[PDB]
Structures are given as C-alpha cells and as structure tokens.
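Note: the block below is target04.pdb and it holds PDB, C-alpha atoms.
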ATOM      1  CA  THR A   1      29.532  14.293   9.513  1.00  0.00           C
ATOM      2  CA  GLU A   2      32.197  14.083   6.682  1.00  0.00           C
ATOM      3  CA  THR A   3      34.658  11.355   7.829  1.00  0.00           C
ATOM      4  CA  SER A   4      31.937   9.160   9.359  1.00  0.00           C
ATOM      5  CA  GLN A   5      32.865   5.666  10.721  1.00  0.00           C
ATOM      6  CA  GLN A   6      29.140   4.889  11.307  1.00  0.00           C
ATOM      7  CA  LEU A   7      26.001   6.929  10.429  1.00  0.00           C
ATOM      8  CA  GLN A   8      23.444   7.758  13.187  1.00  0.00           C
ATOM      9  CA  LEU A   9      20.119   7.172  11.371  1.00  0.00           C
ATOM     10  CA  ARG A  10      16.650   7.924  12.877  1.00  0.00           C
ATOM     11  CA  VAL A  11      14.497   4.904  12.014  1.00  0.00           C
ATOM     12  CA  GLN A  12      10.826   5.738  12.740  1.00  0.00           C
ATOM     13  CA  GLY A  13       7.494   4.043  11.948  1.00  0.00           C
ATOM     14  CA  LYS A  14       4.185   5.025  10.291  1.00  0.00           C
ATOM     15  CA  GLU A  15       3.326   6.057  13.911  1.00  0.00           C
ATOM     16  CA  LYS A  16       5.239   9.103  15.335  1.00  0.00           C
ATOM     17  CA  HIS A  17       5.135   7.178  18.681  1.00  0.00           C
ATOM     18  CA  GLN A  18       7.163   4.432  16.892  1.00  0.00           C
ATOM     19  CA  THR A  19      10.671   5.897  17.298  1.00  0.00           C
ATOM     20  CA  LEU A  20      14.304   4.618  17.195  1.00  0.00           C
ATOM     21  CA  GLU A  21      17.782   5.941  16.311  1.00  0.00           C
ATOM     22  CA  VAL A  22      20.708   3.538  15.751  1.00  0.00           C
ATOM     23  CA  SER A  23      24.311   3.681  14.434  1.00  0.00           C
ATOM     24  CA  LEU A  24      24.536   1.821  11.094  1.00  0.00           C
ATOM     25  CA  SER A  25      28.105   1.199   9.865  1.00  0.00           C
ATOM     26  CA  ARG A  26      28.831   2.786   6.433  1.00  0.00           C
ATOM     27  CA  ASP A  27      30.089  -0.583   5.011  1.00  0.00           C
ATOM     28  CA  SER A  28      27.310  -2.667   6.675  1.00  0.00           C
ATOM     29  CA  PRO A  29      23.936  -2.977   4.743  1.00  0.00           C
ATOM     30  CA  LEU A  30      20.510  -1.672   5.862  1.00  0.00           C
ATOM     31  CA  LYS A  31      19.469  -5.288   6.729  1.00  0.00           C
ATOM     32  CA  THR A  32      21.686  -5.349   9.918  1.00  0.00           C
ATOM     33  CA  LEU A  33      19.869  -2.098  10.983  1.00  0.00           C
ATOM     34  CA  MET A  34      16.485  -3.689  10.002  1.00  0.00           C
ATOM     35  CA  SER A  35      17.156  -6.632  12.332  1.00  0.00           C
ATOM     36  CA  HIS A  36      18.439  -4.290  15.127  1.00  0.00           C
ATOM     37  CA  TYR A  37      15.289  -2.067  14.971  1.00  0.00           C
ATOM     38  CA  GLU A  38      12.766  -4.964  15.154  1.00  0.00           C
ATOM     39  CA  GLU A  39      14.771  -6.638  18.046  1.00  0.00           C
ATOM     40  CA  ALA A  40      14.716  -3.369  20.136  1.00  0.00           C
ATOM     41  CA  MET A  41      10.860  -3.278  20.146  1.00  0.00           C
ATOM     42  CA  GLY A  42      10.448  -7.121  20.084  1.00  0.00           C
ATOM     43  CA  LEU A  43       9.141  -7.441  16.445  1.00  0.00           C
ATOM     44  CA  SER A  44      11.852 -10.218  16.052  1.00  0.00           C
ATOM     45  CA  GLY A  45      10.217 -12.408  13.331  1.00  0.00           C
ATOM     46  CA  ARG A  46       7.308 -10.065  12.480  1.00  0.00           C
ATOM     47  CA  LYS A  47       9.474  -7.998  10.100  1.00  0.00           C
ATOM     48  CA  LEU A  48       8.288  -4.548   8.875  1.00  0.00           C
ATOM     49  CA  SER A  49       9.101  -2.554   5.661  1.00  0.00           C
ATOM     50  CA  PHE A  50      11.792   0.224   5.421  1.00  0.00           C
ATOM     51  CA  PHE A  51      11.786   3.312   3.117  1.00  0.00           C
ATOM     52  CA  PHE A  52      14.270   6.180   2.510  1.00  0.00           C
ATOM     53  CA  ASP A  53      13.446   9.132   0.134  1.00  0.00           C
ATOM     54  CA  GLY A  54      10.533   6.970  -1.200  1.00  0.00           C
ATOM     55  CA  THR A  55      13.063   4.251  -2.179  1.00  0.00           C
ATOM     56  CA  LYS A  56      12.143   0.733  -0.985  1.00  0.00           C
ATOM     57  CA  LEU A  57      15.187  -0.538   0.950  1.00  0.00           C
ATOM     58  CA  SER A  58      15.543  -4.298   0.128  1.00  0.00           C
ATOM     59  CA  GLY A  59      18.256  -4.614   2.838  1.00  0.00           C
ATOM     60  CA  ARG A  60      21.210  -5.388   0.492  1.00  0.00           C
ATOM     61  CA  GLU A  61      21.960  -1.689  -0.101  1.00  0.00           C
ATOM     62  CA  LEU A  62      24.557   0.030   2.079  1.00  0.00           C
ATOM     63  CA  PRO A  63      23.908   3.516   3.732  1.00  0.00           C
ATOM     64  CA  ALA A  64      26.966   4.894   1.820  1.00  0.00           C
ATOM     65  CA  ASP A  65      25.411   3.260  -1.343  1.00  0.00           C
ATOM     66  CA  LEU A  66      22.072   5.108  -0.765  1.00  0.00           C
ATOM     67  CA  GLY A  67      24.019   8.370  -0.129  1.00  0.00           C
ATOM     68  CA  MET A  68      23.014   8.724   3.548  1.00  0.00           C
ATOM     69  CA  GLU A  69      24.701  10.727   6.359  1.00  0.00           C
ATOM     70  CA  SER A  70      24.644  11.107  10.208  1.00  0.00           C
ATOM     71  CA  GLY A  71      21.316  12.789  11.131  1.00  0.00           C
ATOM     72  CA  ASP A  72      19.200  11.179   8.343  1.00  0.00           C
ATOM     73  CA  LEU A  73      15.627   9.718   8.430  1.00  0.00           C
ATOM     74  CA  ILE A  74      14.639   6.117   7.673  1.00  0.00           C
ATOM     75  CA  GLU A  75      10.894   5.318   7.639  1.00  0.00           C
ATOM     76  CA  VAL A  76       9.070   2.097   8.591  1.00  0.00           C
ATOM     77  CA  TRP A  77       5.705   0.751   7.342  1.00  0.00           C
ATOM     78  CA  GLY A  78       3.687  -2.257   8.608  1.00  0.00           C
TER
END
Would it be possible to restate this file's structure as structure tokens?
Amino acid sequence: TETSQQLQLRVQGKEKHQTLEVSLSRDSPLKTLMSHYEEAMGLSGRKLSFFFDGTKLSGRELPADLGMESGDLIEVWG
C-alpha cells in the first residue's frame, strides 16, 4: 500500500490460464519469487522468463528497485 512489508505481485504466464499471486519481500530480489512461482506449478528446473513493464527481470533486481507496489503485474514467457 504505502508502508508495505512485502508486495503482493500477480505473476501470470503467456497463457491467461497460467496464474499465480505471491508475496515478494521488498528487500528480497525477484529471483526468490521466480523460484517460488516455478515450484508452485512444478516447473522446478525448467525455468521460464519474467517481464515487468517490458523490462527483462534478470532476478538480481529488487521489487522496490523496479518501483513496484502491492497489486502489480509480473508476466511470464516460455
């Protein structure tokens, strides 16, 4: 919201059927969310790409670094 401990980000694939939302900590990088997402739908190992506002997320950016907030939209491509 404004004093956000963690940010609730909707991480969704190229398919609209492909659908997750997870709480990423503001200090913790996108990579820990990337690993969480794939584990939920058993893609553990077969890792997929992540985009936000067209920006390719390498993993080593933070959500507070990207300028994200609770109720955002991450995208997934594979």
Exactly which residues make up the result of the PyMOL selection byres ((chain A and resi 63-71) around 6) on this file, given as a PyMOL selection string?
chain A and resi 1+7-9+26+62+72
Suppose you want the space between CA of residue 33 (chain A) and CA of residue 53 (chain A); what is it in Å?
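Computing the Euclidean distance for CA of residue 33 (chain A) and CA of residue 53 (chain A) yields 16.9 Å.
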What does the structure give for the distance between CA of residue 45 (chain A) and CA of residue 25 (chain A), in Å to one decimal?
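Going from CA of residue 45 (chain A) over to CA of residue 25 (chain A) covers 22.7 Å.
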Let me know the residues the PyMOL selection byres ((chain A and resi 49) around 6) catches in the file above, as a PyMOL selection string.
chain A and resi 48+50+76-77
Residues picked by the PyMOL selection byres ((chain A and resi 13) around 7) here, as a VMD selection string?
chain A and resid 12 14 to 16 18 to 19 75 to 77
